[PDB]
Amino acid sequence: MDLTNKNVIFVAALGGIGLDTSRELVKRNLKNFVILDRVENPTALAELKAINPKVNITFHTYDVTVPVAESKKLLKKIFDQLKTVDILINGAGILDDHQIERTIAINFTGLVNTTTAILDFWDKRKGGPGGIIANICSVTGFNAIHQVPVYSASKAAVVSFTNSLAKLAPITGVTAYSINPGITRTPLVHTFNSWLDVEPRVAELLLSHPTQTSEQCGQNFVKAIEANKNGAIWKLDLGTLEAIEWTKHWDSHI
């Protein structure tokens, strides 16, 4: 798909992977780039606006742990201005297995709730135009980092949820694919809590293995968006972009 003149909403665009993805995205001559993020970052906004003055960049404070009704309210405001939105990127994520409930609320529930809210505007059953959802999941949704079992389980959830969304496309009009980075040097992984501190040095041990930069990650992210393959499960690991095949262990037949 061609990003020229598209309207994009990116939830959690100002994080480490987000920001480097965002720098590449706004190079593509979007019409509108809507950033939804919990925490203002004024420096990153100015930087992004610097790169490509043609793009209209707007920022709205958004916490993905709000109720679906609050998401719908905010999204109505955005559709009211923009009329159409082509792509939603769900990128919010924390890594701290001391915060069990909060990990699941942000990494899993909130992504489902934002998706659920936007379907109100996109669902072809309601007359909507359909749309495209890019979900930032994680290779730990494939195979856990088992010293952070909660984080990894929340990401296994959103890989599954994204697979299912992609299979609902003929009914809803909304296609979907997951973006699953391998270990990427950002503030997320520099220091973090393991579950019941089974491994207090998890961050040190993790970064003694090969990693990628957020710029490598960001570059491959935009390529996967431009590939626009419904149901792809993209692995972005050590600077490459690869589609994995999900194992069929069981089939519901429906």
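Only the largest set of C-alpha atoms that superpose within 1.5 Å between the two forms is called the rigid core. Numbering starts at 1 and follows the sequence shown.
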**Q.** Between 189-197 and 51-59, larger RMS Cα displacement in 5 other deposited structures of this protein after core fit
**A.** 189-197
Q.
Once everything is fitted on the core, do the CA positions of 180-188 or those of 129-137 lie farther from the shown form in 5 other deposited structures of this protein?
A. 180-188
**Q.** Of 47-55 and 209-217, the stretch whose C-alpha atoms average the higher B-factor in the entry
**A.** 47-55
Q: Tell me which of 21-29 and 226-234 has the higher mean C-alpha B-factor in the deposited entry.
A: 21-29
Q) Out of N113, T84, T162, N180, which one has a C-alpha B factor higher than all the others in the entry? A) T84
Q. For the listed residues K77, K167, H146, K155, which one has the largest C-alpha B-factor as given in the deposited model?
A. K77
Q) Among the chain's modelled residues, which third holds the C-alpha B-factor of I9? A) lowest
Q) Taking the C-alpha B-factors as the PDB entry records them, is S194 in the lowest, middle or highest third of its chain? A) lowest
Q | Chain-wide C-alpha B factor ranking for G91, given as lowest, middle or highest third | A | lowest
**Q.** Among modelled residues of the same chain, the CA temperature factor third for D120
**A.** highest
Q | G131 - which third its CA temperature factor falls in, relative to the rest of the chain | A | middle
